[PDB]
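Report on the structure given below.
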Amino acid sequence: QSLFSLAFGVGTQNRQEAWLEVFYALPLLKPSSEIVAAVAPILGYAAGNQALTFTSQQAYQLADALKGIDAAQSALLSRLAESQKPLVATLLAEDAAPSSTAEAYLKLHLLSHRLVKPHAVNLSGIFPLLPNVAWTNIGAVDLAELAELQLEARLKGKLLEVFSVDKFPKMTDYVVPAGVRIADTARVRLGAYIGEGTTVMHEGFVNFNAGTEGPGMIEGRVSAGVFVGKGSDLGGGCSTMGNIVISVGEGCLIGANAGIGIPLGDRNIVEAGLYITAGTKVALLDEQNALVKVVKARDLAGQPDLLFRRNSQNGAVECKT
Amino acid sequence: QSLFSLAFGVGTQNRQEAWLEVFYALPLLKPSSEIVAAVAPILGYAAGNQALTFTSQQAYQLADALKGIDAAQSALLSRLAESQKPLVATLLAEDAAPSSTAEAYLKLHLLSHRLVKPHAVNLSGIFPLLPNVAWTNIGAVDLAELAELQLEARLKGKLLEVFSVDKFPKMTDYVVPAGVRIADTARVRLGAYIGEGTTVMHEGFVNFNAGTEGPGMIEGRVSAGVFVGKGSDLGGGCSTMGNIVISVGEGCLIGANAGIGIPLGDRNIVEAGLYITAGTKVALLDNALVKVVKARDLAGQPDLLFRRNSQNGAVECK
Amino acid sequence: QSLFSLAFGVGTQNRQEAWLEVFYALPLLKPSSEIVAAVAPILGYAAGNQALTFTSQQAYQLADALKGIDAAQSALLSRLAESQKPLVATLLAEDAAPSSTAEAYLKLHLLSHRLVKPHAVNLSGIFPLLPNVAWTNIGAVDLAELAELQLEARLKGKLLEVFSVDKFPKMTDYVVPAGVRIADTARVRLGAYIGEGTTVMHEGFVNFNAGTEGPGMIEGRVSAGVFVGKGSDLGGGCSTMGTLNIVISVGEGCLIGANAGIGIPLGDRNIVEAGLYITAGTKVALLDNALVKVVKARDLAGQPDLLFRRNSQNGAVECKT
Ligand SMILES: N[C@@H](CCCCC(=O)O)C(=O)O
Ligand SMILES: N[C@@H](CCCCC(=O)O)C(=O)O
């Protein structure tokens, strides 16, 4: 059969041979049967979704097999052959709920390389597969081995920098997609989809399985599962919640410190400082500003050309057209 | 007498021999008289609260004394003997307002190692004892020596990374306690108390003498002096203020971009986007209006829900 | 004529010889004609605003010329002569809209060194002159060369740290002015003016051409073009709007509340209540606490001793005196 994805990885492991993270230089969506046919016998792949650890020798073998079939992947495998760290090939026959750390990391790569979009890939039960880990300037480190490494650094008059303790690394450790700006890279997780023409500013944040079509200006918080359409601006310190999935249309404008608990349609505007939820009672208004009726926000969810605000004289939530 | 605390430190110093910071690998709350008796004569400790700089030779001596008494401390001292940087032993006979940089750092360590909880230790006049400093990837640097170090890095085609200019370093430089998650480590100061099962997210922040019982999900700002009870969630960009001390009960839920200027009881809920202060007039409900009272008078009571009327903008409390 | 500014720079370049950034150890506002007269012939400077790349040999020459005239600059040039990276002298005859990357960086330095204040310098068309770049712990790197560098790091079991993808580096890479505190240095761009006695906390942010007279406590977002007067406090996650109409400024002795926001310039000693966003078109209730009249905030912009709160009971936006 035709595989969903395949990628050759270099990773890091703790003393107990558990995998902490994998790096994939060139992950492949829907690889050709030519590549699979040449690779399967050397790895010992028959079927299904596998994380197959291969040796330095197999690297060279694989590298050789793919000459004539795919040069880029061949070249990569020759570099992988030389490496100091362990190697792993992950072949995914179907888009299915992951079952290894190596598969977990592949899927996150696909998102962030833009090969797929949010919600187009299965991520069920991914948390238990991502081990909590110390992200230091010398790489991934196991939390049980941390203190000792911290002590040796200090005894040499040095410091081991620890920038995150988490189950998700930051994206720019693995990839930086084209035509994008990220002010502070700590605030974008691997799995984020950052679209072409997007600026993610310092106060901006983008979680996994989330992001922007592009172009766009993100100064606020894009939660996991949320996708923002082309041309929309998210103002400083604005929020999206983490039932319904929240999404944001094309050409929208969310104000600074505002927040949305419902999916917005195309060309919507939320006023600065305004938090609107699904159960919020809103005052709907016409061409002139006249009260049509009182509905809840969820009933106006997904609709275009809305303008939400809060009356400065009387504290009423309004929604104009 | 029985000492309050003791710890053996390796630190950094500027050209003028002033101390910028101290690292304590294994700080001790209420150390046994056995340890003290073996250590005091070699250091020259008689009484009170002292920051005693000891030499590489004394390290070995101390190391040897403690064999049979306490192995872990003995082993540590042998490593300390080899070190490149200066050493300091700080012995605290009482829990009292600090009088040296070294003692200042010890107390912060106790908090962050979870040996003590917020408000259970004296931190009066700590600011003037903590010198403002450049925190770089090669360690602590004095601000007056910074530019020169910056210039040499650049001339070699390199960059000296400067991640903070502050009187408090970030916690994970010194310790990372067990069963915790910190998305961005820049946002947790040394002195923070991060309880087991807590996740501090990117937008989360925890100052010194503050933190969480654990478990909990912190996506907001926990100010100095504030302690959050077990099971509570603090939403994205929510605030606690920096009179009354603010605290947060068990099982609470603070909404995104909300804010609390009063202590919340167990199982309280503050709605998203809502800022409630001590002088805020609130509408108490049974959802029939019972009366109108000030938020300070509702302080510390359980099972509340603070929200605002979307039709008329009235602050309520069902 | 008398020059506006001059500075000798060490920078970094990509493979195509385009300049990614410049570092200026000691930039000079209004340098004396003595310094100019000694430097101009060796560099080939006649007139106008020039970015002149000079060689390691010229460095020594320049270094020698300035002995007796200016020791500090002489000393610096002798160190620059030894350097591994390329050198550039930027001489600015007038305060004018920039025309090179090197001039762009010089002007940012002047702000951040405090030699000039926000709005006192021409920054028109600066964006296209600042190339988007990967800021890593080994320096500036071109985005087109990134992936390869990332790969080599990983093959050696290491990690290349990438802390920002942006057209502006963070300030503390170039300077840290005296008597200041910056909790998180990622949140202050080069060009920011941080005044003496200021504390910029973790949630605080200061963009280019922006900042504080000093002293002050900044726990919120100071947008580009915004200047905050002496003694003011900006509370946690508070906002100021962007010019990118009126320029927003903040007076002396003001107090902005946590999560609040200002879309108008505040006068001296103004107070904005926590959680309150006030814009130019916001209808406000002016008070004496008896209602005097109802005006639009823009009519109260730049005036002192106000108190903008929000009535808890009926949500009316008030302004007491
Ligand atoms: N409910 C929120 C916050 C949880 C993120 C924590 C995590 O994924 O580690 C959201 O969906 O963003
Ligand atoms: N709205 C913010 C930042 C705009 C984007 C910054 C940039 O593009 O460099 C301000 O005006 O301060």
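Naming works like this for the structure tokens: A, B, ... for the chains as they're shown, residue 1 at the start of each chain, ligands 1 onward in shown order.
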
Closest-contact table, chain C side, partner ligand 2, 6 Å, counting only C-alpha atoms and all ligand atoms, as a tab-separated table:
residue	atom	partner	partner_atom_place_in_ligand_line	distance
C:223	CA	ligand 2	12 (O)	3.2
C:224	CA	ligand 2	12 (O)	4.0
C:242	CA	ligand 2	11 (O)	3.3
C:243	CA	ligand 2	11 (O)	5.4
C:244	CA	ligand 2	11 (O)	4.9

What does the file look like for those residues with C-alpha atoms, as a PDB file, in the first residue's frame?
ATOM      1  CA  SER C 223       4.124  50.388  21.897  1.00  0.00           C
ATOM      2  CA  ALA C 224       6.353  51.915  19.211  1.00  0.00           C
ATOM      3  CA  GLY C 242       0.043  51.495  18.074  1.00  0.00           C
ATOM      4  CA  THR C 243       0.426  54.186  15.444  1.00  0.00           C
ATOM      5  CA  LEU C 244       1.046  51.441  12.879  1.00  0.00           C
TER       6      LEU C 244
END

Give as a CSV table (one decimal) with N, CA and C atoms, in the first residue's frame every residue of chain B that touches chain A within 7 Å, counting only C-alpha atoms.
chain,number,residue,atom,x,y,z
B,83,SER,N,37.0,23.2,43.4
B,83,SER,CA,36.4,24.3,42.5
B,83,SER,C,37.2,25.4,42.1
B,84,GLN,N,36.8,26.1,41.0
B,84,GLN,CA,37.4,27.3,40.5
B,84,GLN,C,37.0,28.6,41.2
B,85,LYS,N,35.7,28.6,41.6
B,85,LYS,CA,35.1,29.8,42.3
B,85,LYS,C,35.1,29.7,43.8
B,137,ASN,N,25.0,33.9,29.7
B,137,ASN,CA,25.2,32.4,29.5
B,137,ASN,C,26.5,31.9,30.0
B,138,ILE,N,27.4,32.9,30.3
B,138,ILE,CA,28.7,32.5,31.0
B,138,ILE,C,28.6,32.8,32.5
B,139,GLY,N,27.4,33.1,33.0
B,139,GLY,CA,27.2,33.3,34.5
B,139,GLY,C,26.8,34.7,34.8
B,172,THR,N,15.3,28.0,37.8
B,172,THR,CA,15.8,26.8,37.2
B,172,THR,C,17.3,26.8,37.0
B,173,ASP,N,17.9,28.0,37.2
B,173,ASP,CA,19.4,28.1,37.3
B,173,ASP,C,19.9,27.3,38.6
B,181,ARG,N,6.1,21.3,35.8
B,181,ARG,CA,6.3,21.7,34.4
B,181,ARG,C,6.4,23.2,34.3
B,182,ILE,N,7.5,23.7,33.7
B,182,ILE,CA,7.7,25.2,33.5
B,182,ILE,C,8.0,25.5,32.0
B,183,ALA,N,6.9,25.9,31.3
B,183,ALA,CA,7.0,26.2,29.9
B,183,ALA,C,8.1,27.1,29.5
B,184,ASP,N,8.2,28.3,30.2
B,184,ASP,CA,9.2,29.3,30.0
B,184,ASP,C,9.8,29.5,31.4
B,185,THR,N,11.1,29.2,31.5
B,185,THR,CA,11.7,29.3,32.8
B,185,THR,C,12.1,30.7,33.3
B,202,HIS,N,3.4,29.4,29.5
B,202,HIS,CA,4.2,30.5,29.0
B,202,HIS,C,3.8,31.8,29.5
B,272,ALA,N,-14.2,35.2,33.2
B,272,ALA,CA,-13.2,35.7,32.3
B,272,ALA,C,-13.4,37.2,32.1
B,273,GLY,N,-12.3,38.0,32.1
B,273,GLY,CA,-12.4,39.4,31.8
B,273,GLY,C,-12.8,40.3,32.9
B,310,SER,N,-23.9,40.9,31.3
B,310,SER,CA,-23.7,41.3,29.9
B,310,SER,C,-24.7,42.3,29.3
B,311,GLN,N,-25.8,42.3,29.9
B,311,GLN,CA,-26.9,43.3,29.5
B,311,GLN,C,-26.7,44.7,30.1
B,312,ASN,N,-26.3,44.8,31.4
B,312,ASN,CA,-26.2,46.1,32.1
B,312,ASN,C,-24.8,46.4,32.8
B,313,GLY,N,-23.9,45.4,32.7
B,313,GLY,CA,-22.6,45.7,33.3
B,313,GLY,C,-22.6,45.9,34.8

Considering only C-alpha atoms and all ligand atoms, state which residue in the set A:225, A:142, A:286, A:304 is at the smallest distance from ligand 1.
A:225

Quick one: residues within 9 Å of residue A:106, only C-alpha atoms, excluding same-chain residues fewer than 4 positions away - as a ChimeraX atom specification?
/A:5-7,9,22-24,27,90,101-102,110-111

Residue nearest ligand 1 - candidates B:113, B:230, B:237, B:143, atoms counted: only C-alpha atoms and all ligand atoms:
B:237

Just want the 7 Å neighbourhood of stretch 58-60 of chain C, counted on only C-alpha atoms, with same-chain residues fewer than 3 positions away dropped. Output as a VMD selection string.
chain C and resid 42 54 to 55 63 to 64 77 to 78 80 to 81

Could you list, as a compact mmCIF listing (two decimals) with N, CA, C and O atoms, in the first residue's frame, all the residues within 8 Å of ligand 1, counting only C-alpha atoms and all ligand atoms?
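This is the output file pocket22.txt:
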# COMPACT_ATOMS: atom_id res chain seq x y z
N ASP A 166 9.33 20.92 29.94
CA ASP A 166 8.03 20.66 29.29
C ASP A 166 8.04 19.40 28.43
O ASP A 166 9.11 18.87 28.08
N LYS A 167 6.83 18.94 28.09
CA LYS A 167 6.65 17.78 27.20
C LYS A 167 6.71 18.17 25.72
O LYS A 167 6.74 17.28 24.87
N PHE A 168 6.73 19.48 25.43
CA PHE A 168 6.84 20.01 24.06
C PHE A 168 8.03 20.94 23.94
O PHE A 168 8.13 21.92 24.67
N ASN A 207 0.20 27.45 20.27
CA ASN A 207 0.34 26.10 20.84
C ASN A 207 0.35 25.11 19.70
O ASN A 207 0.18 25.50 18.54
N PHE A 208 0.52 23.83 20.01
CA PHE A 208 0.49 22.77 19.01
C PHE A 208 -0.90 22.60 18.37
O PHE A 208 -1.91 23.03 18.92
N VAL A 222 -3.00 32.11 20.74
CA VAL A 222 -3.68 31.13 19.88
C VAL A 222 -3.64 29.73 20.52
O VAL A 222 -2.61 29.04 20.48
N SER A 223 -4.75 29.29 21.09
CA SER A 223 -4.76 28.05 21.87
C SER A 223 -4.75 26.81 20.99
O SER A 223 -5.00 26.88 19.80
N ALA A 224 -4.43 25.67 21.59
CA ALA A 224 -4.36 24.39 20.88
C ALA A 224 -5.70 24.09 20.25
O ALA A 224 -6.73 24.25 20.89
N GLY A 225 -5.67 23.70 18.98
CA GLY A 225 -6.89 23.43 18.21
C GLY A 225 -7.47 24.62 17.46
O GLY A 225 -8.41 24.45 16.69
N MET A 241 -10.03 30.57 23.69
CA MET A 241 -10.17 29.56 24.76
C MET A 241 -9.73 28.17 24.31
O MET A 241 -9.60 27.91 23.11
N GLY A 242 -9.49 27.29 25.28
CA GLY A 242 -9.05 25.92 25.00
C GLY A 242 -10.10 24.84 25.14
O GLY A 242 -11.25 25.12 25.47
N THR B 199 1.55 22.89 36.54
CA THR B 199 2.04 23.30 35.23
C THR B 199 2.01 24.82 35.10
O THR B 199 0.94 25.43 35.08
N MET B 201 2.47 27.65 32.65
CA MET B 201 2.53 27.86 31.20
C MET B 201 3.22 29.17 30.84
O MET B 201 3.56 29.97 31.71
N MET B 217 -2.78 24.53 37.38
CA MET B 217 -2.47 25.00 36.04
C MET B 217 -2.40 26.53 36.07
O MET B 217 -3.43 27.20 36.20
N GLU B 219 -1.55 29.85 34.14
CA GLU B 219 -1.34 30.58 32.90
C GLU B 219 -1.35 32.09 33.17
O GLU B 219 -1.34 32.89 32.22
N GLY B 235 -6.25 31.19 34.86
CA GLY B 235 -6.35 31.34 33.41
C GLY B 235 -5.38 32.30 32.78
O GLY B 235 -4.73 33.11 33.46
N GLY B 236 -5.30 32.22 31.46
CA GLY B 236 -4.38 33.04 30.66
C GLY B 236 -4.47 34.52 30.95
O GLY B 236 -5.52 35.12 30.80

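Nearest residue to chain C among B:128, B:169, B:157, B:225 is B:157, counting only C-alpha atoms.
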
Among C:310, C:85, C:283, C:119, chain B is approached most closely, using only C-alpha atoms, by C:85

Counting only C-alpha atoms, the option among A:183, A:244, A:297, A:43 closest to chain C
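Once distances to chain C are computed over only C-alpha atoms, the minimum belongs to A:183.
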
Distance criterion (only C-alpha atoms): nearest to residue C:215 out of C:88, C:25, C:200, C:171:
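Of C:88, C:25, C:200, C:171, the one nearest residue C:215 is C:200, counting only C-alpha atoms.
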